[PDB]
Amino acid sequence: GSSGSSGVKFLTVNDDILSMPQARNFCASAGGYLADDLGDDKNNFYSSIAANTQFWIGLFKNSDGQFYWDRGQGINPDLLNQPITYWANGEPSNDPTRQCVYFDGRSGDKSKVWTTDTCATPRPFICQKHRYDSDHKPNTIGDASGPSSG
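In this text, residue positions in the sequence shown follow PDB author numbering: the first is 1, and each later residue adds one.
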């Protein structure tokens, strides 16, 4: 059996408020990464759980000034090159203090939930696991594993 600590739920808003640079690091350590919001079926789903709740997302501005997607710790991020966006009225913003983006649940307009803000403000986030699955079983390639201690 497995009864320890590690066990962060996926696609779920974690009360524990943490800055962008604090959340992205957590999800990774736990075993996941910020849940990206690219696609209606994806947004329409968040808006629900985002019932008047503002949480961070995989959308974050980089040095250059472009918005990328969180793909874990170290992993190469993805550049926002999608035709569909949710940028609020005027967003993204051109403020030097605001670089990160957080889903605005309160925003009645689901199409205007995207909003840029400082990566220091403590806010909730959502961790997600890779979309990897198993299909064929060529070999076990397994090896006795042991417990972990932080």
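Cβ atoms here follow ideal geometry from the backbone N, Cα and C, with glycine treated the same way.
| field | Residues near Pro77 in its chain [Cβ-Cβ closer than 7 Å; skip 5 each side] | value | Taking the sequence shown and counting its residues from 1, one reaches residue 77 at position 77. Cβ within range, chain order: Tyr68, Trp69, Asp70, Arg71.
| task | Between the Cα of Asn52 and those of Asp143, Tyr102, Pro92, spot the shortest distance and give me the residue it belongs to. | result | Looking up residue 52 in the sequence shown gives position 52. Comparing Cα positions, the closest option is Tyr102.
| said: Rounded to the nearest angstrom, what separates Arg131 and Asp64 at their Cα positions? | reply: By 1-based counting over the sequence shown, the position of residue 131 is 131. By 1-based counting over the sequence shown, the position of residue 64 is 64. Going by the C-alpha atoms only, they are around 29 Å apart.
| query | According to DSSP, what are the bridge partners of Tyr132? | reply | Residue mapping note: residue 132 aligns to position 132 of the sequence shown, counting from 1. Note: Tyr132 sits in no beta bridge, so no partner.
| Below 8 Å between beta carbons: does that hold for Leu38 and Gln82? | As a first step, residue 38 is located in the sequence shown; it is residue number 38 there, counting from the start. As a first step, residue 82 is located in the sequence shown; it is residue number 82 there, counting from the start. Yes.
| Cβ atoms of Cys27 and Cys100: under 8 Å apart, would you say? | Within the sequence shown, the letter at position 100 stands for residue 100. Within the sequence shown, the letter at position 27 stands for residue 27. In this structure, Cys27 does not lie closer than 8 Å to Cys100 by Cβ.
| field | Expected contact under 8 Å - CB spacing of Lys137 and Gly32 to nearest Å | value | On the sequence shown, position 137 is the one that residue 137 refers to. On the sequence shown, position 32 is the one that residue 32 refers to. 25 Å between Cβ atoms; not a contact.
| Secondary structure at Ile49, three-state DSSP: helix, strand or coil? | As a working note, residue 49 is residue 49 in the sequence shown. Three-state DSSP puts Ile49 in a helix.
| query | Should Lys9 be labelled buried (16 or more other beta-carbon atoms within 10 Å of its own) or exposed? | reply | Position 9 of the sequence shown, counted from the first residue, corresponds to residue 9. When all chains shown are included, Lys9 counts as exposed.
| said: Using only the alpha-carbon positions, how far apart do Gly90 and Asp109 sit? | reply: Looking up residue 90 in the sequence shown gives position 90. Looking up residue 109 in the sequence shown gives position 109. Cα to Cα, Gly90 sits roughly 14 Å from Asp109.
| Could you check where the beta strand (DSSP E) with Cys100 kicks off and where it finishes? | Locating residue 100 in the sequence shown gives position 100, counting from the first residue. From DSSP, the beta strand (DSSP E) with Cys100 extends over 100-104.
| said: Report the CB separation of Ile17 from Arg123 in whole angstroms; it is logged as a contact under 8 Å. | reply: Position 17 of the sequence shown holds residue 17. Position 123 of the sequence shown holds residue 123. Their Cβ separation, rounded to whole angstroms, is 5 Å, which keeps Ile17 and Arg123 in contact under 8 Å.
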